Amino acid sequence: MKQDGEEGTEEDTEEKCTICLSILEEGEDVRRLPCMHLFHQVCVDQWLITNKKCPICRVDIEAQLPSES
Ligand SMILES: [Zn+2]
Ligand SMILES: [Zn+2]
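Just so we're aligned: the sequence shown equals residues 6 to 74 in our numbering.
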């Protein structure tokens with residue numbers, strides 16, 4: 006959603022949602038783990054609740070540091 010060529014390459018790559026094991030969709034608001042990778046917003050949430058690590062890059066997004074409910 007692109008790249009367009011211009012210009013890949015860094016934060017906000019997207020791919021298929023991987024928590025939903027399904028393509029992303031123009032359905033609701035979306036959100037990236039500050040690792041880099043984008044997901045559905047609702048997914049980044051329920052994922053954080055279960056896996057405190059990025060699903061793709063596999064690592065803890067950081068040690069930090071919200072709470073929260
Ligand atoms: Zn999802
Ligand atoms: Zn990641």
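Here a beta-carbon is modelled for each residue, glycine too, at the ideal position from N, C-alpha and C.
Would DSSP call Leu43 helix, strand or coil?
Position 38 of the sequence shown holds residue 43. DSSP places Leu43 in strand when its eight states are reduced to three.
Name the two residues that bound the continuous beta strand (DSSP E) containing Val64.
The sequence position of residue 64 within the sequence shown is 59, counting from 1. Counting along the chain, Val64 falls outside any beta strand (DSSP E), and DSSP gives it neither H nor E.
Output needed for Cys48: all residues of its chain with C-beta closer than 7 angstroms, excluding positions within five of it in sequence on either side, in chain order.
Working through the sequence shown from its first residue, we reach residue 48 at position 43. Taken in chain order, the residues that qualify are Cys22, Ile24, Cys25.
Got a sec? Which residues, its chain only, sit under 7 angstroms from residue 5 by beta carbon, not counting five neighbours each side?
Past the edges of the chain, shown from 6 to 74, lies residue 5, and the structure says nothing about it.
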